[PDB]
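The structure appears below as structure tokens.
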Amino acid sequence: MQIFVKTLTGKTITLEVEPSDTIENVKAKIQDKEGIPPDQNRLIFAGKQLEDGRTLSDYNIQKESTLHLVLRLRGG
């Protein structure tokens, strides 16, 4: 399975995965391949957020899927 991430700065990230992949395996692969750590952003798909213990196909994340991204928040 190939999948895609939509950054704010207009750069499409490409990733190679199994349809079986746990959301953690994808959170790992993105930082080895490119370098997108959690302390700066948060991955979105079809308005829903994506967290651990689940899989790609459970979120209905098909092959060729484009995920959005956001940033992390600001304050104190």
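In the structure tokens, the first chain shown is A, the next is B, and so on; residue numbers restart at 1 for each chain, and ligands run from 1 in the order shown.
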Spatial neighbours of residue A:6, 6 Å, only C-alpha atoms, chain gap at least 6 places, as a PyMOL selection string
chain A and resi 12+67-69
Export C-alpha atoms of the chosen residues as an mmCIF file, in the first residue's frame?
```cif
data_model
loop_
_atom_site.group_PDB
_atom_site.id
_atom_site.type_symbol
_atom_site.label_atom_id
_atom_site.label_comp_id
_atom_site.auth_asym_id
_atom_site.auth_seq_id
_atom_site.Cartn_x
_atom_site.Cartn_y
_atom_site.Cartn_z
ATOM 1 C CA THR A 12 3.026 15.846 -0.557
ATOM 2 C CA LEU A 67 -4.240 12.420 4.846
ATOM 3 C CA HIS A 68 -4.206 16.103 5.907
ATOM 4 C CA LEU A 69 -1.963 17.521 8.359
#
```
Please provide the set of residues having any atom within 10 Å of residue A:18, restricted to only C-alpha atoms, with same-chain residues fewer than 6 positions apart removed, written as a list in words.
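Selected residues are residues 1, 2, 3, 25, 26, 55, 56, 57 and 63 of chain A.
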So which residues of chain A fall under strand (DSSP E or B) by DSSP, listed as a list in words?
residues 2, 3, 4, 5, 6, 12, 13, 14, 15, 16, 22, 41, 42, 43, 44, 45, 48, 49, 55, 66, 67, 68, 69, 70 and 71 of chain A
Can you list, as a PDB file with N, CA, C and O atoms, in the first residue's frame, every protein, DNA or RNA residue that comes within 10 Å of residue A:70 when you count only C-alpha atoms, leaving out same-chain residues fewer than 6 positions away?
```
ATOM      1  N   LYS A   6      -0.581  15.490   3.387  1.00  0.00           N
ATOM      2  CA  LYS A   6      -0.765  16.847   2.879  1.00  0.00           C
ATOM      3  C   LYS A   6      -0.289  17.822   3.942  1.00  0.00           C
ATOM      4  O   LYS A   6      -0.984  18.082   4.919  1.00  0.00           O
ATOM      5  N   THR A   7       0.916  18.345   3.768  1.00  0.00           N
ATOM      6  CA  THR A   7       1.444  19.421   4.614  1.00  0.00           C
ATOM      7  C   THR A   7       0.878  20.788   4.217  1.00  0.00           C
ATOM      8  O   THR A   7       0.394  20.990   3.098  1.00  0.00           O
ATOM      9  N   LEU A   8       0.963  21.741   5.148  1.00  0.00           N
ATOM     10  CA  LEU A   8       0.493  23.117   4.972  1.00  0.00           C
ATOM     11  C   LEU A   8       1.317  23.877   3.915  1.00  0.00           C
ATOM     12  O   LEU A   8       0.763  24.622   3.115  1.00  0.00           O
ATOM     13  N   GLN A  40       5.348  19.074  16.961  1.00  0.00           N
ATOM     14  CA  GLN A  40       5.199  20.169  16.000  1.00  0.00           C
ATOM     15  C   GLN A  40       3.878  20.122  15.194  1.00  0.00           C
ATOM     16  O   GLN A  40       3.452  21.155  14.673  1.00  0.00           O
ATOM     17  N   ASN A  41       3.161  18.987  15.129  1.00  0.00           N
ATOM     18  CA  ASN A  41       2.043  18.772  14.194  1.00  0.00           C
ATOM     19  C   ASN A  41       1.069  17.654  14.652  1.00  0.00           C
ATOM     20  O   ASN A  41       1.309  17.012  15.675  1.00  0.00           O
ATOM     21  N   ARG A  42      -0.033  17.399  13.919  1.00  0.00           N
ATOM     22  CA  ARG A  42      -0.956  16.278  14.199  1.00  0.00           C
ATOM     23  C   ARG A  42      -1.690  15.830  12.925  1.00  0.00           C
ATOM     24  O   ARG A  42      -2.326  16.632  12.250  1.00  0.00           O
ATOM     25  N   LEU A  43      -1.560  14.553  12.553  1.00  0.00           N
ATOM     26  CA  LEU A  43      -2.109  14.002  11.297  1.00  0.00           C
ATOM     27  C   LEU A  43      -3.646  13.876  11.343  1.00  0.00           C
ATOM     28  O   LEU A  43      -4.184  13.273  12.276  1.00  0.00           O
ATOM     29  N   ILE A  44      -4.322  14.393  10.311  1.00  0.00           N
ATOM     30  CA  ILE A  44      -5.800  14.323  10.152  1.00  0.00           C
ATOM     31  C   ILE A  44      -6.227  13.473   8.936  1.00  0.00           C
ATOM     32  O   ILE A  44      -5.583  13.515   7.891  1.00  0.00           O
TER      33      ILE A  44
END
```
Residues within 8 Å of residue A:24, please, as a ChimeraX atom specification. Count only C-alpha atoms; anything in the same chain fewer than 6 positions from it doesn't count.
/A:51-53
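Nearest to residue A:19 of all the residues A:76, A:50, A:71, A:64 is A:64, counting only C-alpha atoms.
Shortest separation to residue A:15 among A:54, A:48, A:33, A:72 occurs at residue A:33, atoms counted being only C-alpha atoms.
Taking chain A and asking which residues DSSP calls alpha helix (DSSP H) on the backbone, you get residues 23, 24, 25, 26, 27, 28, 29, 30, 31, 32 and 33 of chain A.
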Can those selected residues be exported to a file as a compact mmCIF listing (two decimals), in the first residue's frame so that it contains N, CA and C atoms?
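Just written: part04.txt:
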```
# COMPACT_ATOMS: atom_id res chain seq x y z
N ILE A 23 -1.28 2.14 13.63
CA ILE A 23 -1.07 3.59 13.49
C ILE A 23 0.31 4.03 14.03
N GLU A 24 0.83 3.35 15.05
CA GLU A 24 2.23 3.46 15.53
C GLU A 24 3.31 3.16 14.46
N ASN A 25 3.20 2.07 13.68
CA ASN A 25 4.14 1.74 12.59
C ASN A 25 4.27 2.89 11.58
N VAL A 26 3.15 3.52 11.23
CA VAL A 26 3.12 4.72 10.38
C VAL A 26 3.71 5.98 11.04
N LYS A 27 3.40 6.20 12.33
CA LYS A 27 4.03 7.25 13.16
C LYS A 27 5.55 7.07 13.27
N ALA A 28 6.06 5.84 13.19
CA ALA A 28 7.50 5.57 13.17
C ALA A 28 8.11 5.83 11.78
N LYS A 29 7.56 5.20 10.73
CA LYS A 29 8.05 5.32 9.34
C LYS A 29 8.18 6.76 8.84
N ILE A 30 7.26 7.64 9.23
CA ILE A 30 7.28 9.05 8.80
C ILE A 30 8.51 9.83 9.31
N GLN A 31 9.10 9.42 10.44
CA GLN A 31 10.23 10.12 11.05
C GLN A 31 11.58 9.57 10.59
N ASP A 32 11.68 8.25 10.36
CA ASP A 32 12.81 7.65 9.63
C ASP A 32 12.93 8.12 8.16
N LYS A 33 11.82 8.12 7.40
CA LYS A 33 11.83 8.44 5.96
C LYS A 33 12.07 9.91 5.69
```
